[PDB]
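Before any comments, here is the structure.
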Amino acid sequence: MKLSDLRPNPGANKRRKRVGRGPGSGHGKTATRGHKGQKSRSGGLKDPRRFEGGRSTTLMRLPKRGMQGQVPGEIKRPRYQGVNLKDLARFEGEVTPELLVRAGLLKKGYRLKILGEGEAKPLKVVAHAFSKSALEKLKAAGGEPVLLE
Amino acid sequence: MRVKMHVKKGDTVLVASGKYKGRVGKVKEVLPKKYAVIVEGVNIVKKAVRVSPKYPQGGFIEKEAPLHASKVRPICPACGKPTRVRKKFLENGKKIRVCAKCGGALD
Amino acid sequence: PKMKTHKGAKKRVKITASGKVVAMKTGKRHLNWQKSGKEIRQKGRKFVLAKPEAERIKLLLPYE
Amino acid sequence: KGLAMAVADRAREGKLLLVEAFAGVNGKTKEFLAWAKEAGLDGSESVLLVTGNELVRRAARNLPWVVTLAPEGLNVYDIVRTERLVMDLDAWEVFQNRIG
RNA sequence: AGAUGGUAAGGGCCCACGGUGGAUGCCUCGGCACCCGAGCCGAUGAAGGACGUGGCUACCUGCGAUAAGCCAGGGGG
RNA sequence: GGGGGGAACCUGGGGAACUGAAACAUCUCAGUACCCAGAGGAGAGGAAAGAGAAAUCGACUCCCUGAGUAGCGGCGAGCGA
RNA sequence: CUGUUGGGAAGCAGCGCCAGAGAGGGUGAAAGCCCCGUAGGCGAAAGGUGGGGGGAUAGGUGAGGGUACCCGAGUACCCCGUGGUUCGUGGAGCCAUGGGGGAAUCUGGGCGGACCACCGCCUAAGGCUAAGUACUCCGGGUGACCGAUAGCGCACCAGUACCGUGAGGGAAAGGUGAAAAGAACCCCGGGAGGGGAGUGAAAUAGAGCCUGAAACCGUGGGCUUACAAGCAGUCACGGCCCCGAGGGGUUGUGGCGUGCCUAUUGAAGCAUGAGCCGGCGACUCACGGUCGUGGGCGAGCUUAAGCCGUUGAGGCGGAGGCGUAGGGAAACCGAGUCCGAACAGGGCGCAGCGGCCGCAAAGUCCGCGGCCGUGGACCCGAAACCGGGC
RNA sequence: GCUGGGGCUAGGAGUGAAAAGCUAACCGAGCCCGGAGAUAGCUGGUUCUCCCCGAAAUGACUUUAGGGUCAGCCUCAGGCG
RNA sequence: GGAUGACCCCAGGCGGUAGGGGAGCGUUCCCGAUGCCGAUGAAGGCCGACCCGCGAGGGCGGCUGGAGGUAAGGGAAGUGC
RNA sequence: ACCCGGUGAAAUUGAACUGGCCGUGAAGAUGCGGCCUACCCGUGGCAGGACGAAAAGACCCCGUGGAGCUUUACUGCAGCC
Ligand SMILES: [Mg+2]
Ligand SMILES: [Mg+2]
Ligand SMILES: [Mg+2]
Ligand SMILES: [Mg+2]
Ligand SMILES: [Mg+2]
Ligand SMILES: [Mg+2]
Ligand SMILES: [Mg+2]
Ligand SMILES: [Mg+2]
Ligand SMILES: [Mg+2]
Ligand SMILES: [Mg+2]
Ligand SMILES: [Mg+2]
Ligand SMILES: [Mg+2]
Ligand SMILES: [Mg+2]
Ligand SMILES: [Mg+2]
Ligand SMILES: [Mg+2]
Ligand SMILES: [Mg+2]
Ligand SMILES: [Mg+2]
Ligand SMILES: [Mg+2]
Ligand SMILES: [Mg+2]
Ligand SMILES: [Mg+2]
Ligand SMILES: [Mg+2]
Ligand SMILES: [Mg+2]
Ligand SMILES: [Mg+2]
Ligand SMILES: [Mg+2]
Ligand SMILES: [Mg+2]
Ligand SMILES: [Mg+2]
Ligand SMILES: [Mg+2]
Ligand SMILES: [Mg+2]
Ligand SMILES: [Mg+2]
Ligand SMILES: [Mg+2]
Ligand SMILES: [Mg+2]
Ligand SMILES: [Mg+2]
Ligand SMILES: [Mg+2]
Ligand SMILES: [Mg+2]
Ligand SMILES: [Mg+2]
Ligand SMILES: [Mg+2]
Ligand SMILES: [Mg+2]
Ligand SMILES: [Mg+2]
Ligand SMILES: [Mg+2]
Ligand SMILES: [Mg+2]
Ligand SMILES: [Mg+2]
Ligand SMILES: [Mg+2]
Ligand SMILES: [Mg+2]
Ligand SMILES: [Mg+2]
Ligand SMILES: [Mg+2]
Ligand SMILES: [Mg+2]
Ligand SMILES: [Mg+2]
Ligand SMILES: [Mg+2]
Ligand SMILES: [Mg+2]
Ligand SMILES: [Mg+2]
Ligand SMILES: [Mg+2]
Ligand SMILES: [Mg+2]
Ligand SMILES: [Mg+2]
Ligand SMILES: [Mg+2]
Ligand SMILES: [Mg+2]
Ligand SMILES: [Mg+2]
Ligand SMILES: [Mg+2]
Ligand SMILES: [Mg+2]
Ligand SMILES: [Mg+2]
Ligand SMILES: [Mg+2]
Ligand SMILES: [Mg+2]
Ligand SMILES: [Mg+2]
Ligand SMILES: [Mg+2]
Ligand SMILES: [Mg+2]
Ligand SMILES: [Mg+2]
Ligand SMILES: [Mg+2]
Ligand SMILES: [Mg+2]
Ligand SMILES: [Mg+2]
Ligand SMILES: [Mg+2]
Ligand SMILES: [Mg+2]
Ligand SMILES: [Mg+2]
Ligand SMILES: [Mg+2]
Ligand SMILES: [Mg+2]
Ligand SMILES: [Mg+2]
Ligand SMILES: [Mg+2]
Ligand SMILES: [Mg+2]
Ligand SMILES: [Mg+2]
Ligand SMILES: [Mg+2]
Ligand SMILES: [Mg+2]
Ligand SMILES: [Mg+2]
Ligand SMILES: [Mg+2]
Ligand SMILES: [Mg+2]
Ligand SMILES: [Mg+2]
Ligand SMILES: [Mg+2]
Ligand SMILES: [Mg+2]
Ligand SMILES: [Mg+2]
Ligand SMILES: [Mg+2]
Ligand SMILES: [Mg+2]
Ligand SMILES: [Mg+2]
Ligand SMILES: [Mg+2]
Ligand SMILES: [Mg+2]
Ligand SMILES: [Mg+2]
Ligand SMILES: [Mg+2]
Ligand SMILES: [Mg+2]
Ligand SMILES: [Mg+2]
Ligand SMILES: [Mg+2]
Ligand SMILES: [Mg+2]
Ligand SMILES: [Mg+2]
Ligand SMILES: [Mg+2]
Ligand SMILES: [Mg+2]
Ligand SMILES: [Mg+2]
Ligand SMILES: [Mg+2]
Ligand SMILES: [Mg+2]
Ligand SMILES: [Mg+2]
Ligand SMILES: [Mg+2]
Ligand SMILES: [Mg+2]
Ligand SMILES: [Mg+2]
Ligand SMILES: [Mg+2]
Ligand SMILES: [Mg+2]
Ligand SMILES: [Mg+2]
Ligand SMILES: [Mg+2]
Ligand SMILES: [Mg+2]
Ligand SMILES: [Mg+2]
Ligand SMILES: [Mg+2]
Ligand SMILES: [Mg+2]
Ligand SMILES: [Mg+2]
Ligand SMILES: [Mg+2]
Ligand SMILES: [Mg+2]
Ligand SMILES: [Mg+2]
Ligand SMILES: [Mg+2]
Ligand SMILES: [Mg+2]
Ligand SMILES: [Mg+2]
Ligand SMILES: [Mg+2]
Ligand SMILES: [Mg+2]
Ligand SMILES: [Mg+2]
Ligand SMILES: [Mg+2]
Ligand SMILES: [Mg+2]
Ligand SMILES: [Mg+2]
Ligand SMILES: [Mg+2]
Ligand SMILES: [Mg+2]
Ligand SMILES: [Mg+2]
Ligand SMILES: [Mg+2]
Ligand SMILES: [Mg+2]
Ligand SMILES: [Mg+2]
Ligand SMILES: [Mg+2]
Ligand SMILES: [Mg+2]
Ligand SMILES: [Mg+2]
Ligand SMILES: [Mg+2]
Ligand SMILES: [Mg+2]
Ligand SMILES: [Mg+2]
Ligand SMILES: [Mg+2]
Ligand SMILES: [Mg+2]
Ligand SMILES: [Mg+2]
Ligand SMILES: [Mg+2]
Ligand SMILES: [Mg+2]
Ligand SMILES: [Mg+2]
Ligand SMILES: [Mg+2]
Ligand SMILES: [Mg+2]
Ligand SMILES: [Mg+2]
Ligand SMILES: [Mg+2]
Ligand SMILES: [Mg+2]
Ligand SMILES: [Mg+2]
Ligand SMILES: [Mg+2]
Ligand SMILES: [Mg+2]
Ligand SMILES: [Mg+2]
Ligand SMILES: [Mg+2]
Ligand SMILES: [Mg+2]
Ligand SMILES: [Mg+2]
Ligand SMILES: [Mg+2]
Ligand SMILES: [Mg+2]
Ligand SMILES: [Mg+2]
Ligand SMILES: [Mg+2]
Ligand SMILES: [Mg+2]
Ligand SMILES: [Mg+2]
Ligand SMILES: [Mg+2]
Ligand SMILES: [Mg+2]
Ligand SMILES: [Mg+2]
Ligand SMILES: [Mg+2]
Ligand SMILES: [Mg+2]
Ligand SMILES: [Mg+2]
Ligand SMILES: [Mg+2]
Ligand SMILES: [Mg+2]
Ligand SMILES: [Mg+2]
Ligand SMILES: [Mg+2]
Ligand SMILES: [Mg+2]
Ligand SMILES: [Mg+2]
Ligand SMILES: [Mg+2]
Ligand SMILES: [Mg+2]
Ligand SMILES: [Mg+2]
Ligand SMILES: [Mg+2]
Ligand SMILES: [Mg+2]
Ligand SMILES: [Mg+2]
Ligand SMILES: [Mg+2]
Ligand SMILES: [Mg+2]
Ligand SMILES: [Mg+2]
Ligand SMILES: [Mg+2]
Ligand SMILES: [Mg+2]
Ligand SMILES: [Mg+2]
Ligand SMILES: [Mg+2]
Ligand SMILES: [Mg+2]
Ligand SMILES: [Mg+2]
Ligand SMILES: [Mg+2]
Ligand SMILES: [Mg+2]
Ligand SMILES: [Mg+2]
Ligand SMILES: [Mg+2]
Ligand SMILES: [Mg+2]
Ligand SMILES: [Mg+2]
Ligand SMILES: [Mg+2]
Ligand SMILES: [Mg+2]
Ligand SMILES: [Mg+2]
Ligand SMILES: [Mg+2]
Ligand SMILES: [Mg+2]
Ligand SMILES: [Mg+2]
Ligand SMILES: [Mg+2]
Ligand SMILES: [Mg+2]
Ligand SMILES: [Mg+2]
Ligand SMILES: [Mg+2]
Ligand SMILES: [Mg+2]
Ligand SMILES: [Mg+2]
Ligand SMILES: [Mg+2]
Ligand SMILES: [Mg+2]
Ligand SMILES: [Mg+2]
Ligand SMILES: [Mg+2]
Ligand SMILES: [Mg+2]
Ligand SMILES: [Mg+2]
Ligand SMILES: [Mg+2]
Ligand SMILES: [Mg+2]
Ligand SMILES: [Mg+2]
Ligand SMILES: [Mg+2]
Ligand SMILES: [Mg+2]
Ligand SMILES: [Mg+2]
Ligand SMILES: [Mg+2]
Ligand SMILES: [Mg+2]
Ligand SMILES: [Mg+2]
Ligand SMILES: [Mg+2]
Ligand SMILES: [Mg+2]
Ligand SMILES: [Mg+2]
Ligand SMILES: [Mg+2]
Ligand SMILES: [Mg+2]
Ligand SMILES: [Mg+2]
Ligand SMILES: [Mg+2]
Ligand SMILES: [Mg+2]
Ligand SMILES: [Mg+2]
Ligand SMILES: [Mg+2]
Ligand SMILES: [Mg+2]
Ligand SMILES: [Mg+2]
Ligand SMILES: [Mg+2]
Ligand SMILES: [Mg+2]
Ligand SMILES: [Mg+2]
Ligand SMILES: [Mg+2]
Ligand SMILES: [Mg+2]
Ligand SMILES: [Mg+2]
Ligand SMILES: [Mg+2]
Ligand SMILES: [Mg+2]
Ligand SMILES: [Mg+2]
Ligand SMILES: [Mg+2]
Ligand SMILES: [Mg+2]
Ligand SMILES: [Mg+2]
Ligand SMILES: [Mg+2]
Ligand SMILES: [Mg+2]
Ligand SMILES: [Mg+2]
Ligand SMILES: [Mg+2]
Ligand SMILES: [Mg+2]
Ligand SMILES: [Mg+2]
Ligand SMILES: [Mg+2]
Ligand SMILES: [Mg+2]
Ligand SMILES: [Mg+2]
Ligand SMILES: [Zn+2]
């Protein structure tokens, strides 16, 4: 297999669209821009995600809701992430927050909360909280719930 | 700093390329700015001269045309072969050209 | 440069699990004395923004 | 995956050769050249010579049909560019460690 | 009676050759970008100039009435 | 000892407008352009009357990230630790 | 090295050789071995540097106990006016300070976002401090950078000519040939210019010089044209001329026939633009996003800066990011959750294929393409506004 | 009164027996360079070929009306059938 | 039909502005390339009533030119007036 | 002004092989229809036409364009109290 053989698969490298290059291309003259007006101009229109021609926008007519926060900003309080029993399936022996981080299950800087989707497995699971149904499934399967503080 | 010339006035050179390939001759002159040598009786050209005090009767003269120095090879005075040149340090220790075929000085 | 989150959108709207856009019913900020109870109550819920409008708002929230 | 597949491609063509060490090559092109001939490399086919032996690389590097590399340098363009792959065992060892 | 051809002052199309003009290709003394290196000069008068300076010298370079240069070390041949 | 010069770079003292906000004043552009002073091969900053929640860290500078987060905002356009 | 073609060998052919050097440039064409180089090595009396090595010097270093002397003042601190911070007066702290008032020395003071308490952090009102960082006038290396309308404004005697009182503006302009062998001498001519002669492989390579397009001007030839009506062509036939059951050129007659572009409801239009020709001339790039698509891995995917290596070699680096759970303004609960008295109702949510194997896939990374956001964002054009100068 | 020479006053400024006159051949705000590629919802221009499909000039709203947002109408890919 | 885009057969569609989509041509540059074409003549220019291609184009021939050019397959854009 | 010798511009210019009528046509036709008329090419003259040339209408309107000016428009600043 040699340099002359190396080919990208079909569709892997598509040509770009070139406008403003003659009549046969069917993108000549106006360059697919239509005729005249703001959108044909260099610079074009306002943020069409928001602006609506001068009338008050869809967005700005809906009510704000809830606590938006104040200076000096977010209040530091402990944060919990749940991981379900089913995600604990893969482990044997002990699970702790740290292992769960490594598995790519628990994100750093969150506390562990175990949740109920799935089946419990007789493991020693150490966490900051358990849901009602998690505790239940866990006790019943002869696993061992351990609270951290 | 200086142009490198592997050949000089008037060691004996073989003309190794061009119309005169094969000829042997003394280097009458070295022109480093043009990187060229004049070899005796090699590269003759017919130049027109005006009827002048220097040349009354006018007509033409023969002149030696310069050769690009790379066309030329010194002939070793010991072995008589055309050669590349090497440098050898003496005891002085001045340095000198020596033939690359045998070890002979080229001056 | 990276896109900026539109703060009026972040403050008015939420993108649901399946990407619908949700906002509070408009119309009971005030002038409510003569509104029926069916009215005030119904305006107290969230509704799901019309597709083309939600689709626009969704693009202003590039990192939710 | 690419590194592996490229070597694999040569392996599948018989064009990959592993070697224990290099006889008399002690940094001279004629020395490598000897050895090479003796090992079935007449220079009619381009060779990616991979070895950690500096002495062997210098010896082979001036040959127009030889491209040389340390084993840490092995890469797919070089494998694919050349017709034949030649490795030290020690070279081959790191490549195995690299594709692991 | 009838009927039809040779006129070219000049013009038009085509072909050949030229003139004009300086495209195109090739070229590169120059430019550009990045990376590395290096980074202050000046009253001991800088930067930057003026005028000079060659046997003959318009200009450029170099140089300063010791004026394309003076002395000394090193390099080179 | 100073004075004057130096392409960018740097600090400090001053400091716009077009423009954007589909008009405009707050806001933006922007502490940008520009003027001035000063340095120097860099300049600035620097050895906690710090950070800010950890029973923690440990001068300053510079890069990645944190994060378009927190927030700020005719809660508009936008701005942004 | 030799032979050969050739003006010229480095081409082709024969037989060799070097290589830690087959980077590259030259040489009359295309050269590893002819030249300059290249790999690998070597080199400073003098000046400069010297963050590395060595040495010196300055400087550095105790423990209880007592005393309560000192510990940076128009300062802290409070109020007023402001600036800085993400903070636009906000619940507005902090840092800074123009005005007023105005302390204390560790049992002192500042701070942890008004304030108070508690619990902590830190020691203001004196100074210095390498390095890691920015830049590129200068030197060098290197380009999926330009190649004379490009690339710097300038390849060239250019910040010049020229323009402007001035600040300031600001060009054009490269190429004989391998070598000048740059055309002695004769002829016509006042000269310019040419014609011979000569040089050269070549002279429509002759210096007004490589190539030498097009518009434009001419000479010569073929066909045609002075009763004809025209977007200039087209279709047909016939004549003549040319190259040789065919073609080509030309055009007499007959048929048909309203330029191009632009903008418009609508143009041949008496609506725009264009004298003709050559060259320059307008949908891109970064970073984010969204979909689509080619692959990699898949409950996971992926690294950034940096570090090591290379000198067109890759690797390391898991900090971080996205995903794996949602609902709720939030506390918070969680395959649920929110409203609610509700075990009500509702909103928003939750649930592969084949034979343990393979296959597919959430997702995510990279490439490619479309479109979006931010930038001047497809190119060209104002009238104006502002700064500093003249 | 006219005039030579030497001087001073300038850009929101001068100067003006007043005309918005004149301030270096266009002054209801001089010229140069800079912000700067200001902005231009306007006008103009937008470059190779073939093939398939193929609109709109409406409705709502709009300091909107020769500009937009959504919808209608065109096209592509996937699914349904 | 054959198995697959080999090509044959039958049928049907194929006016087109804005505009969507598809497939191609050509220009500069990179890998391919220490290769290959090249003074028995590179590029470029001027002819051509010939060959291939729907076309954009690509060949081949003659003349000019006098030293460069560059494939199959890929890659990237200062790419077509 | 005209003729002969000398020197020798300009705007403008899609190309032109550039007649009249009555009609037709985006509504004022050398260029379309039907007719009429008309051999080729100039020189001096005239100005009816080529909606002749020049100048991207200065009037008018449009642009959420500009600028000068005004005031018991709004908001600020100098200045003064
Ligand atoms: Mg691409
Ligand atoms: Mg086209
Ligand atoms: Mg298309
Ligand atoms: Mg179209
Ligand atoms: Mg067009
Ligand atoms: Mg347009
Ligand atoms: Mg379009
Ligand atoms: Mg478009
Ligand atoms: Mg348009
Ligand atoms: Mg339209
Ligand atoms: Mg247009
Ligand atoms: Mg318009
Ligand atoms: Mg439009
Ligand atoms: Mg436009
Ligand atoms: Mg613009
Ligand atoms: Mg615009
Ligand atoms: Mg309104
Ligand atoms: Mg928040
Ligand atoms: Mg147990
Ligand atoms: Mg020497
Ligand atoms: Mg001989
Ligand atoms: Mg010596
Ligand atoms: Mg309400
Ligand atoms: Mg309200
Ligand atoms: Mg309320
Ligand atoms: Mg209220
Ligand atoms: Mg009622
Ligand atoms: Mg009502
Ligand atoms: Mg009621
Ligand atoms: Mg995030
Ligand atoms: Mg989410
Ligand atoms: Mg090699
Ligand atoms: Mg190779
Ligand atoms: Mg007759
Ligand atoms: Mg005739
Ligand atoms: Mg005649
Ligand atoms: Mg004719
Ligand atoms: Mg000619
Ligand atoms: Mg080239
Ligand atoms: Mg310097
Ligand atoms: Mg000087
Ligand atoms: Mg001089
Ligand atoms: Mg000396
Ligand atoms: Mg000496
Ligand atoms: Mg000073
Ligand atoms: Mg100084
Ligand atoms: Mg400042
Ligand atoms: Mg100061
Ligand atoms: Mg300031
Ligand atoms: Mg400043
Ligand atoms: Mg000011
Ligand atoms: Mg403003
Ligand atoms: Mg702007
Ligand atoms: Mg904007
Ligand atoms: Mg505005
Ligand atoms: Mg606007
Ligand atoms: Mg206005
Ligand atoms: Mg404004
Ligand atoms: Mg802006
Ligand atoms: Mg600001
Ligand atoms: Mg600047
Ligand atoms: Mg200074
Ligand atoms: Mg430094
Ligand atoms: Mg420093
Ligand atoms: Mg310092
Ligand atoms: Mg201290
Ligand atoms: Mg984050
Ligand atoms: Mg808001
Ligand atoms: Mg700011
Ligand atoms: Mg011969
Ligand atoms: Mg030979
Ligand atoms: Mg040979
Ligand atoms: Mg090398
Ligand atoms: Mg080479
Ligand atoms: Mg070479
Ligand atoms: Mg030659
Ligand atoms: Mg060769
Ligand atoms: Mg070559
Ligand atoms: Mg060579
Ligand atoms: Mg070396
Ligand atoms: Mg060396
Ligand atoms: Mg003590
Ligand atoms: Mg005391
Ligand atoms: Mg103190
Ligand atoms: Mg004091
Ligand atoms: Mg204060
Ligand atoms: Mg502030
Ligand atoms: Mg507030
Ligand atoms: Mg505050
Ligand atoms: Mg104070
Ligand atoms: Mg205390
Ligand atoms: Mg106290
Ligand atoms: Mg304080
Ligand atoms: Mg305080
Ligand atoms: Mg406090
Ligand atoms: Mg604190
Ligand atoms: Mg503290
Ligand atoms: Mg300091
Ligand atoms: Mg240090
Ligand atoms: Mg530093
Ligand atoms: Mg640097
Ligand atoms: Mg440089
Ligand atoms: Mg080149
Ligand atoms: Mg030129
Ligand atoms: Mg130029
Ligand atoms: Mg040229
Ligand atoms: Mg220059
Ligand atoms: Mg020039
Ligand atoms: Mg000049
Ligand atoms: Mg002037
Ligand atoms: Mg002048
Ligand atoms: Mg100017
Ligand atoms: Mg010019
Ligand atoms: Mg030459
Ligand atoms: Mg020459
Ligand atoms: Mg004569
Ligand atoms: Mg005479
Ligand atoms: Mg003569
Ligand atoms: Mg003659
Ligand atoms: Mg002659
Ligand atoms: Mg001859
Ligand atoms: Mg020949
Ligand atoms: Mg010729
Ligand atoms: Mg020639
Ligand atoms: Mg010429
Ligand atoms: Mg030549
Ligand atoms: Mg010529
Ligand atoms: Mg010519
Ligand atoms: Mg011609
Ligand atoms: Mg004729
Ligand atoms: Mg008649
Ligand atoms: Mg007749
Ligand atoms: Mg006809
Ligand atoms: Mg017929
Ligand atoms: Mg015929
Ligand atoms: Mg015929
Ligand atoms: Mg015909
Ligand atoms: Mg008939
Ligand atoms: Mg017509
Ligand atoms: Mg018609
Ligand atoms: Mg056309
Ligand atoms: Mg037009
Ligand atoms: Mg129009
Ligand atoms: Mg109109
Ligand atoms: Mg109209
Ligand atoms: Mg017409
Ligand atoms: Mg008409
Ligand atoms: Mg007309
Ligand atoms: Mg008109
Ligand atoms: Mg017209
Ligand atoms: Mg118009
Ligand atoms: Mg013109
Ligand atoms: Mg013409
Ligand atoms: Mg053209
Ligand atoms: Mg685009
Ligand atoms: Mg994309
Ligand atoms: Mg993707
Ligand atoms: Mg992968
Ligand atoms: Mg998979
Ligand atoms: Mg992210
Ligand atoms: Mg429910
Ligand atoms: Mg439900
Ligand atoms: Mg995937
Ligand atoms: Mg889009
Ligand atoms: Mg921009
Ligand atoms: Mg742009
Ligand atoms: Mg764009
Ligand atoms: Mg502009
Ligand atoms: Mg003005
Ligand atoms: Mg104004
Ligand atoms: Mg103003
Ligand atoms: Mg000004
Ligand atoms: Mg001023
Ligand atoms: Mg006077
Ligand atoms: Mg005077
Ligand atoms: Mg006077
Ligand atoms: Mg005055
Ligand atoms: Mg004045
Ligand atoms: Mg002034
Ligand atoms: Mg003014
Ligand atoms: Mg005023
Ligand atoms: Mg003004
Ligand atoms: Mg005034
Ligand atoms: Mg007066
Ligand atoms: Mg008046
Ligand atoms: Mg002036
Ligand atoms: Mg005037
Ligand atoms: Mg004004
Ligand atoms: Mg004036
Ligand atoms: Mg300036
Ligand atoms: Mg700006
Ligand atoms: Mg701009
Ligand atoms: Mg504006
Ligand atoms: Mg375009
Ligand atoms: Mg159709
Ligand atoms: Mg309408
Ligand atoms: Mg409508
Ligand atoms: Mg309504
Ligand atoms: Mg509406
Ligand atoms: Mg329109
Ligand atoms: Mg409009
Ligand atoms: Mg739409
Ligand atoms: Mg439909
Ligand atoms: Mg479909
Ligand atoms: Mg058919
Ligand atoms: Mg079809
Ligand atoms: Mg049909
Ligand atoms: Mg069609
Ligand atoms: Mg298609
Ligand atoms: Mg396509
Ligand atoms: Mg092709
Ligand atoms: Mg092309
Ligand atoms: Mg292509
Ligand atoms: Mg390149
Ligand atoms: Mg190569
Ligand atoms: Mg080559
Ligand atoms: Mg050959
Ligand atoms: Mg030849
Ligand atoms: Mg030939
Ligand atoms: Mg080329
Ligand atoms: Mg070519
Ligand atoms: Mg052709
Ligand atoms: Mg040719
Ligand atoms: Mg060459
Ligand atoms: Mg190529
Ligand atoms: Mg290729
Ligand atoms: Mg490739
Ligand atoms: Mg372009
Ligand atoms: Mg007469
Ligand atoms: Mg006359
Ligand atoms: Mg005509
Ligand atoms: Mg006529
Ligand atoms: Mg009518
Ligand atoms: Mg009529
Ligand atoms: Mg007529
Ligand atoms: Mg007609
Ligand atoms: Mg008629
Ligand atoms: Mg007629
Ligand atoms: Mg008539
Ligand atoms: Mg006349
Ligand atoms: Mg008339
Ligand atoms: Mg008249
Ligand atoms: Mg007419
Ligand atoms: Mg008229
Ligand atoms: Mg007119
Ligand atoms: Mg006109
Ligand atoms: Mg205009
Ligand atoms: Mg107009
Ligand atoms: Mg107008
Ligand atoms: Mg008016
Ligand atoms: Mg009007
Ligand atoms: Mg108006
Ligand atoms: Mg308005
Ligand atoms: Mg408007
Ligand atoms: Mg206005
Ligand atoms: Mg105004
Ligand atoms: Mg007063
Ligand atoms: Zn010898």
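Ordering of the structure tokens sets the chain letters (A, B, ...); residue numbers start at 1 within each chain; ligands are numbered from 1 in the order shown.
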
Inset, instruction - Show me which residues sit within 10 Å of ligand 46 when counting only C-alpha atoms (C1' of nucleotides) and all ligand atoms, and put them as a PyMOL selection string. - result: (chain E and resi 40-42) or (chain F and resi 3-6+38-40)

Convert the current residue selection to file output with C-alpha atoms (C1' of nucleotides), as a PDB file, in the first residue's frame.
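The resulting file, result_38.pdb, is shown below:
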ATOM      1  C1'   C E  40      20.356  50.568  23.462  1.00  0.00           C
ATOM      2  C1'   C E  41      23.354  55.061  21.356  1.00  0.00           C
ATOM      3  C1'   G E  42      24.602  60.301  23.340  1.00  0.00           C
TER       4        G E  42
ATOM      5  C1'   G F   3      19.722  67.311  28.384  1.00  0.00           C
ATOM      6  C1'   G F   4      19.032  64.355  22.713  1.00  0.00           C
ATOM      7  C1'   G F   5      17.783  59.735  19.686  1.00  0.00           C
ATOM      8  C1'   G F   6      15.722  54.792  19.250  1.00  0.00           C
ATOM      9  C1'   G F  38       9.481  58.169  31.525  1.00  0.00           C
ATOM     10  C1'   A F  39      12.319  54.002  31.192  1.00  0.00           C
ATOM     11  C1'   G F  40      15.024  50.083  29.341  1.00  0.00           C
TER      12        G F  40
END

Inset, instruction - For stretch 157-164 of chain G, list every protein, DNA or RNA residue within 8 Å, evaluated using only C-alpha atoms (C1' of nucleotides), and leave out those in the same chain fewer than 3 positions away; present the list as JSON, numbers by chain. - result: {"E": [59, 60], "G": [153, 154, 168, 169]}

Please tabulate, as JSON lines, the residues of chain A that come within 8 Å of ligand 9, each with its closest pair of atoms and the distance in Å to one decimal, counting only C-alpha atoms and all ligand atoms and ordering rows by chain, then residue number upward.
{"residue": "A:30", "atom": "CA", "partner": "ligand 9", "partner_atom_place_in_ligand_line": "1 (Mg)", "distance": 5.0}
{"residue": "A:33", "atom": "CA", "partner": "ligand 9", "partner_atom_place_in_ligand_line": "1 (Mg)", "distance": 5.8}
{"residue": "A:34", "atom": "CA", "partner": "ligand 9", "partner_atom_place_in_ligand_line": "1 (Mg)", "distance": 5.0}
{"residue": "A:35", "atom": "CA", "partner": "ligand 9", "partner_atom_place_in_ligand_line": "1 (Mg)", "distance": 3.1}
{"residue": "A:36", "atom": "CA", "partner": "ligand 9", "partner_atom_place_in_ligand_line": "1 (Mg)", "distance": 4.1}
{"residue": "A:37", "atom": "CA", "partner": "ligand 9", "partner_atom_place_in_ligand_line": "1 (Mg)", "distance": 7.3}
{"residue": "A:40", "atom": "CA", "partner": "ligand 9", "partner_atom_place_in_ligand_line": "1 (Mg)", "distance": 5.4}
{"residue": "A:41", "atom": "CA", "partner": "ligand 9", "partner_atom_place_in_ligand_line": "1 (Mg)", "distance": 7.7}

Inset, instruction - Would you list the contacts of residue F:36 as a ChimeraX atom specification, taking every protein, DNA or RNA residue within 12 Å and counting only C-alpha atoms (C1' of nucleotides), but skipping same-chain residues closer than 6 positions in sequence? - result: /F:12-15 /G:388

Inset, instruction - Could you tell me, counting only C-alpha atoms (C1' of nucleotides) and all ligand atoms, which protein and nucleic acid residues lie no more than 8 Å from ligand 143, written as JSON, numbers by chain? - result: {"G": [262, 263, 264, 271, 272]}

Legend entry - 10 Å shell around ligand 104 using only C-alpha atoms (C1' of nucleotides) and all ligand atoms, listed as a PyMOL selection string: chain G and resi 148-150+172-174

Take the residues just selected and output them with C-alpha atoms (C1' of nucleotides) as a PDB file, in the first residue's frame.
ATOM      1  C1'   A G 148       8.118  42.965 -11.660  1.00  0.00           C
ATOM      2  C1'   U G 149       0.073  45.396 -12.200  1.00  0.00           C
ATOM      3  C1'   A G 150       2.764  40.450  -7.681  1.00  0.00           C
ATOM      4  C1'   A G 172       7.116  54.718 -13.051  1.00  0.00           C
ATOM      5  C1'   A G 173      11.253  52.118 -14.282  1.00  0.00           C
ATOM      6  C1'   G G 174      13.938  44.359 -14.044  1.00  0.00           C
TER       7        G G 174
END
